[PDB]
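Undergrad: Take a look at this one; I'll ask things after.
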Amino acid sequence: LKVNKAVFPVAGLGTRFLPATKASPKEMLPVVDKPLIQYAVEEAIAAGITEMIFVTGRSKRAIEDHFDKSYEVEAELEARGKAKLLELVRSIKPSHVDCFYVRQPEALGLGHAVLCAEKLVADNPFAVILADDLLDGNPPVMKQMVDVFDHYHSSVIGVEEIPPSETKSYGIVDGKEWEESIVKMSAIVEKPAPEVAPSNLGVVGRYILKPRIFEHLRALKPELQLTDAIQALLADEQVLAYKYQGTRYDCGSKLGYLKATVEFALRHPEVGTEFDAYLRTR
Ligand SMILES: O=c1ccn([C@@H]2O[C@H](COP(=O)(O)OP(=O)(O)OP(=O)(O)O)[C@@H](O)[C@H]2O)c(=O)[nH]1
């Protein structure tokens, strides 16, 4: 049917960004002036998703207070007639967008984080969006994928072409190329050595999953691997890999985070020009 829900796992330990992540999850890191998780939610909104499910771990309130109403900030902005900033703050969570929270008690990995959201997804297809993967696309990547899902009504795994030497960092898909950008998947293999990688198509943190993924998650022998659930699912039904149009910034790591900051600052209306001039003359 329709993709109304997006699950955002934001419960990782984020040790690669200590000390900043001590009391704020990695997905709250700002790129210029905006947390990763807000970029991710805005992508979901652009895709027609209206229900945001956050799987929280440590520092859940950074996520919750970012999206929930804050009386203090509005009373502060109200008391100063700063109306454009008020519209900006309110657009963090537009009307008709709902935020639900669920706890992952133990940082038992991504597949387990997804499993924590099972009762909230129930018997519906749902997006899984990893805000650490900051995707820059027009149209937004999850919107592209929702269009793919609406056509084929199969799970959709976002993929990008990666250097063959780097396959050990990625889930790698295999299958029959269907369109220029659609692979009908025959396999997904977790972090293969370059010489045995079945393709150069690496999985990124964008998924549309049909609810049968949950029975394969609960069934796995435990850190449950999302890859293994996907591999199991494609034995029972079509799963598609989608070579999205756009650019991924691996903000799980410091370098991708920095690249994202640079690239997004350059396209920022307020500071783009000066930051470009600064970069040239430094
Ligand atoms: O227990 C977990 C682990 C990971 N995740 C989620 O899975 C995705 C991938 O996150 P990772 O598993 O790569 O962990 P991390 O980047 O937070 O950890 P460090 O390497 O910085 O130590 C992110 O969306 C994260 O929030 C969970 O929700 N729960």
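Bear in mind that the values in this text are calculations on the coordinates, not laboratory data. Backbone-built Cβ (ideal geometry, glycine too); neighbour counts: all protein chains shown.
Undergrad: Would you check which residues across the stretch 31-41 are over 12 Å from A62 (Cβ atoms) and within 12 Å of the ligand (Cβ to nearest atom) and list them?
TA: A40
Undergrad: Pull out all pairs, ordered by first then second residue, where Cβ-Cβ is under 8 Å, the residues are six or more apart or on different chains, the first lies in the stretch 23-41 and is on the phi > 0 side of the Ramachandran plot and of a type in the set (A, V, I, L, M), and the second is more than 9 Å from the ligand (Cβ to nearest atom) and assigned to a helix (DSSP H, G or I).
TA: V32/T261; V32/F264; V32/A265
Undergrad: So, in the stretch 71-103, of the ones that are in contact with a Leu (Cβ under 8 Å, 6 or more places away or on another chain) and outside any helix (DSSP H, G or I), which residue ends up surrounded by the most Cβ atoms within 10 Å (Cβ to Cβ)?
TA: This residue is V102.
Undergrad: Output the number of residues of the stretch 247-282 satisfying the condition of being acidic (D, E), exposed (fewer than 13 other Cβ atoms within 10 Å of the Cβ) and either touching a helix residue (DSSP H, G or I) at 6+ places or on another chain (Cβ under 8 Å) or outside any helix (DSSP H, G or I) (or both). Walk me through it before giving the result.
TA: Quick first cut of the stretch 247-282, residues acidic (D, E) only: 250, 263, 270, 274, 276.
Restricting the remaining residues to those that are exposed (fewer than 13 other Cβ atoms within 10 Å of the Cβ) gives 270, 274.
Next, from what is left, pick out any that are either touching a helix residue (DSSP H, G or I) at 6+ places or on another chain (Cβ under 8 Å) or outside any helix (DSSP H, G or I) (or both): 270.
Count: 1.
Undergrad: Which pairs turn up if I take residues in the stretch 125-138 that are closer than 10 Å to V7 by Cβ and look for partners that are of a type in the set (D, E, K, R) and not in a strand (DSSP E or B) with beta carbon separation below 7 Å, at least 6 apart in sequence or on another chain?
TA: Taking only residues 6 or more apart or on different chains, the pairs are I129/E43.
Undergrad: Shifting gears a bit: Only residues that are assigned to a strand (DSSP E or B) and either surrounded by fewer than 17 Cβ atoms within 10 Å (Cβ to Cβ) or aromatic (F, W, Y) (or both): list them for the stretch 52-69, please. Break it down stepwise before answering.
TA: Let us first name the residues in the stretch 52-69 that are assigned to a strand (DSSP E or B), namely 52-57, 59.
Across the stretch 52-69, the qualifying residue is only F54.
Undergrad: If you go through the stretch 11-30 one residue at a time, do you hit one that is within 11 Å of the ligand (Cβ to nearest atom), among the hydroxyl-bearing types (S, T, Y) and touching a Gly at 6+ places or on another chain (Cβ under 7 Å)?
TA: Yes - at least one qualifying residue is present in the stretch 11-30.
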